[PDB]
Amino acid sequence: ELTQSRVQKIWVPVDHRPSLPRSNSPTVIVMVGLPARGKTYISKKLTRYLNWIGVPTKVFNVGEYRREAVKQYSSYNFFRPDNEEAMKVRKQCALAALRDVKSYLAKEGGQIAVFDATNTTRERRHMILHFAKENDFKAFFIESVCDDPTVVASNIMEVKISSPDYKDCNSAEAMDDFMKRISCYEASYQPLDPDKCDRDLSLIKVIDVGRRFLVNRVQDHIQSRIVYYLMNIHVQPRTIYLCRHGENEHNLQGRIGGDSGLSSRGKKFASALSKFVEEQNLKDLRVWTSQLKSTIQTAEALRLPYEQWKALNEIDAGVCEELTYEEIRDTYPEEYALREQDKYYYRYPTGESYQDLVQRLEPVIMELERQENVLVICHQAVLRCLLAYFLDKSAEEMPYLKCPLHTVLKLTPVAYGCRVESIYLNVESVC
């Protein structure tokens, strides 16, 4: 005796509860490396990734604990190794972060805590290891090694000088301060040593902006997924454009899904998309579509090579496919109402949830990380899922993100994330 859950449609054993109804290991990811090595960029982008694929992850940025504890930054003097008081403030900030890590993992349902600090000494890492061990937490280390002066300078310009630590600073003096800050750490810096001392630690060393990796003792599937991700991201700037198919005939009829073709306005969008792309004047631009006709017709207007992904097809509405929202309310009032109250987890009978979409889209996201400029012509539910990943929107908000017809979303890197610009292509469509 199994029953199907109403929202997610999962078969579960009938729990004929008795008259008194009665009701693995979390991981600490330890960032390691000199200042302006990408530790915070990695921490946030990895966390963005892990949350989107359904692993509860949170960043514990010790520098933010320090900013909050100390109130205003004046100089690199705070980071001198001979600075006894600042050392103990720094240490207290780390312990306060660790307190919060313990609470997040052991009491708030978190799976992955990203412990973002320098962690450049064996003694500090021994301290974190002791803490993970006493809490039954796994520990995975990510060290970023970058000795290239151009990359470090560029990192300082891009994220440091505009930091609230330097609000009372100009660029040249910000840069000069930050360079001296970095030199404070150099004498005591003990890089991870997997071939000797760190033999037994689970780690990845990311070398020269991802050109080279050293990987030791991956222990489980989450570490395995983390490593895979870290090995496929790159820092060089690029643009991602996302749009729906031009309006289609089912849009005109208010019928959901199917495989209908472009209306005459959908085809006007497709020509305008073509003019938009040409005006972007990109050296190389990849174009991706789903396998549904409306996206492929749209891409055909571009006269560029394109590639079809079945993983980009619109959410499968199962028994509701091809129905209007009025016929859904009437034939399946119960299904309509379940969906409205739990829109992310809700599965159409014999169809999909947004949650299912996320899993189908995982390889699309991994390949997008590998690409440079890309235009993705897709579908409402798909686009929302992709946008949530790029803009770090939660599961609960994902199915409501605003993704109208005939509008390009243009995503560009700024600092520790993505900026979105909307470009409406001035072609009417149903609402």
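Numbering starts at 1 and runs along the sequence shown. For clarity, a rigid core is taken as the largest C-alpha set superposing within 1.5 Å between two forms.
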Root mean square C-alpha distance from this form after a core fit in 8 other deposited structures of this protein: higher for 229-237 or for 256-264?
229-237
After core superposition, the stretch with larger RMS C-alpha deviation in 8 other deposited structures of this protein, comparing 355-363 and 278-286, is 278-286
Cross-entry absence of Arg22, a third or more of other PDB entries
yes
Between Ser23 and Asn24 - deposited residues without coordinates, as a size class
4 to 9
Residue stretch of maximal mean CA temperature factor, 72-80 vs 113-121:
72-80
Of 63-71 and 390-398, the stretch whose C-alpha atoms average the higher B-factor in the entry:
63-71
Can you pull the Cα B-factors for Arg360, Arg244, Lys160, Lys310 from the entry and say which is highest?
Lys160
Among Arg225, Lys205, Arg199, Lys293, where is the Cα temperature factor highest, going by the PDB entry?
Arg199
Split the chain's modelled residues into thirds by Cα B-factor; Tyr325 lands in the highest
Among modelled residues of the same chain, the CA temperature factor third for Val414
highest
Chain thirds by Cα B factor, record data; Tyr336 belongs to the highest
CA B-factor ranking of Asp100, expressed as a third of its chain
middle
Taking the entry's C-alpha B-factors for this chain, is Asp259 in the lowest, middle or highest third?
middle
